[PDB]
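This report refers to the structure that appears directly beneath it.
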Amino acid sequence: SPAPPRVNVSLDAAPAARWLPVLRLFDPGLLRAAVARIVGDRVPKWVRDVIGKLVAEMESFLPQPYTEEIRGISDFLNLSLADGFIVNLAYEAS
Amino acid sequence: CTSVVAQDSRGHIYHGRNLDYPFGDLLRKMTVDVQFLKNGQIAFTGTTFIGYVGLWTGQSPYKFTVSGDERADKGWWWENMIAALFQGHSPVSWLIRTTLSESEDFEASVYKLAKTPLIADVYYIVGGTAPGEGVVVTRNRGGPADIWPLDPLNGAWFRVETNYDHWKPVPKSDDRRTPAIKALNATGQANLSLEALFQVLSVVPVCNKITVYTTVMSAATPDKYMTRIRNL
Ligand SMILES: *[C@@H]1O[C@H](CO)[C@@H](O)[C@H](O)[C@H]1NC(C)=O
Ligand SMILES: *[C@@H]1O[C@H](CO)[C@@H](O)[C@H](O)[C@H]1NC(C)=O
Ligand SMILES: *[C@@H]1O[C@H](CO)[C@@H](O)[C@H](O)[C@H]1NC(C)=O
Ligand SMILES: [Cl-]
Ligand SMILES: [Cl-]
Ligand SMILES: [Cl-]
Ligand SMILES: [Cl-]
Ligand SMILES: [Cl-]
Ligand SMILES: [Cl-]
């Protein structure tokens, strides 16, 4: 049983940019494909498009700094803001 | 999931948890131990997955440790969910991380985890730095259904939480509670330690095919925070 990587995340850095040192650990290209596929198959496209508009329009009114952090993860991985938001809320969606 | 908060014969608090989740083939590769830095210091430590901003396992050094287990709720619509987000409700993993970032001490963290409204049900297991500082907080969306504390002076030196309410019998099909109690019963209060608790969390079926990682921790000894990937 190996130990996971141990990485620092600075809360002094911008929310959108503080997770990048961690995102470069795993293969980001493989992570984008894995997220885009699994969210694509379980969530229809029309729902995802609506989820995107709501989150982007009401970014100021959703909890922080989590939403701005999900915005920076999805931008780095070239995911739709809906894709990044659905995976981060995968527990509640169940 | 299996979380355990326990107390040894000296008054030291130990906290451990197993994270079981399907798709674990992928998650095991994405598990990281994150140290969140603030103002040139380690504000808190957490175990998460790449791309996930919440914490299901975390530590506030010399203050408290927290882990979250899943609780089955009423059917929730995705429309009602977004409403809950805008209504002001919080995801269960985001409250854990907020508490680790804001709460000043153990008792204040238990208050935050118990009262804050949530989008879904959950179990919050919290451990502290002083004797008797251990609780299993059974949560509804609205508030606390129960608060199960450690009672060492009466022989209850450990609390075990799986994914079912502790005052009801567990399903015969998914009974990971009694083997975790048997292993803790066999270990004994005097022999309890982080490594002895890791051994308990390595027992089958407490550790099974879908287990992703195991964490043992104690806010009083924050340097001993250790996570292990399982079935890798
Ligand atoms: C994390 O920060 C600590 C001090 O805050 C430093 O000693 C350590 O090298 C850092 N580790 C990584 C992986 O950045
Ligand atoms: C994402 O797209 C940017 C260009 O916008 C590119 O530089 C980067 O390599 C891409 N990364 C992935 C993981 O697709
Ligand atoms: C654990 O030990 C106590 C003895 O103090 C006993 O009463 C209880 O039934 C035991 N539980 C299990 C599951 O073995
Ligand atoms: Cl912040
Ligand atoms: Cl209230
Ligand atoms: Cl409820
Ligand atoms: Cl249980
Ligand atoms: Cl039950
Ligand atoms: Cl120890």
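Residue numbers (PDB author numbering), protein chains in the order written: chain A, 28 to 121; chain B, 124 to 355. Even for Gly, the Cβ is constructed at its ideal location relative to N, Cα and C.
If you draw a straight line from the Cα of residue 61 (chain A) to the Cα of residue 219 (chain B), it is about 26 Å long.
Segment contact: the stretch 206-221 of chain B against the stretch 90-97 of chain A, three or more CB-CB distances shorter than 8 Å; contact assigned. Within 7 Å of the C-beta of residue 38 (chain A) there is at least one heavy atom belonging to ligand 4.
Taken through DSSP and simplified to helix, strand or coil, residue 53 (chain A) comes out as coil. Contact check between the stretch 107-120 of chain A and the stretch 252-271 of chain B: fewer than three CB pairs, one atom from each, fall below 8 Å, which does not count as touching.
At least one C-beta of chain A is nearer than 8 Å to the C-beta of residue 208 (chain B).
In chain order, 153, 155 place their CB closer than 8 Å to the CB of residue 173 (chain B), counting only its own chain and leaving out the 5 sequence neighbours on each side. Residue pairing by DSSP puts residue 272 (chain B) in a beta bridge opposite B:258.
Secondary structure of residue 48 (chain A) (DSSP, three-state): helix. Annotation for residue 207 (chain B): 242 place their beta carbon closer than 6 Å to its own, counting only its chain and skipping 5 residues before and after. At a cut-off of 8 Å, the C-beta of residue 84 (chain A) has no neighbouring C-beta in chain B. A direct Cα-to-Cα measurement between residue 121 (chain A) and residue 204 (chain B) gives close to 11 Å.
Distance check between residue 127 (chain B) and each of B:181, B:158, B:347, B:282 places B:282 closest, using alpha-carbon atoms only. Spatial neighbours of residue 145 (chain B) in its own chain (CB-CB distance under 8 Å, excluding positions within 5 residues in sequence) are listed in chain order as 333. Flagged as an interface residue toward chain A: residue 242 (chain B), by a C-beta distance shorter than 8 Å. Taking 8 Å as the threshold, the shortest C-beta distance from residue 158 (chain B) to chain A falls below it. Closer than 8 Å at the C-beta level to chain A, one finds these residues of the stretch 164-188 of chain B: 166, 170, 173, 174, 175, 176, 177. In this structure residue 322 (chain B) is not in contact with residue 280 (chain B), their Cβ atoms being roughly 17 Å apart against a cut-off of 8 Å.
Taking a Cβ-Cβ threshold of 7 Å, the residues of chain B close to residue 37 (chain A) are 160, in chain order. Secondary-structure assignment with DSSP links residue 181 (chain B) through a beta bridge to B:169, B:189. With a threshold of 16 other beta carbon atoms within 10 Å, residue 130 (chain B) meets it and is buried. With a cut-off of 8 Å on Cβ pairs, the stretch 180-198 of chain B is in contact with the stretch 239-257 of chain B, counting three or more such pairs. Every alpha helix (DSSP H) of 4 residues or more that sits fully in the stretch 299-348 of chain B is shown, in chain order, as 300-310, 317-323. Here residue 304 (chain B) has 283 as same chain residues with Cβ atoms under 6 Å from its own Cβ, once five neighbours each way along the sequence are excluded. Inclusion of residue 266 (chain B) in the 7 Å shell around ligand 5 follows from its C-beta lying nearer than that to a non-hydrogen atom of the ligand.
Proximity to ligand 3 was defined by a C-beta distance below 7 Å to any of its heavy atoms, and the residues meeting it, in sequence along the chain, are B:278, B:301, B:304, B:305, B:308. For residue 33 (chain A), the enclosing beta strand (DSSP E) has its first and last residue at 33-37. Interface residue (Cβ-Cβ distance to chain A less than 8 Å): residue 133 (chain B) is not classified as such. Between residue 37 (chain A) and residue 164 (chain B), the alpha-carbon positions lie close to 10 Å from each other.
In terms of Cβ geometry, residue 138 (chain B) and residue 190 (chain B) form a close pair [threshold 8 Å].
Exclusion of the five residues before and after residue 82 (chain A) leaves 108, 112 as the residues of its chain whose Cβ lies within less than 6 Å of its Cβ. Between residue 201 (chain B) and residue 240 (chain B), the alpha-carbon positions lie close to 17 Å from each other. Within the same chain, Cβ atoms closer than 7 Å to the Cβ of residue 114 (chain A) are found at 62, 66, the five residues on either side in sequence being excluded. In this structure, the CA atom of residue 233 (chain B) is about 15 Å from the CA atom of residue 263 (chain B).
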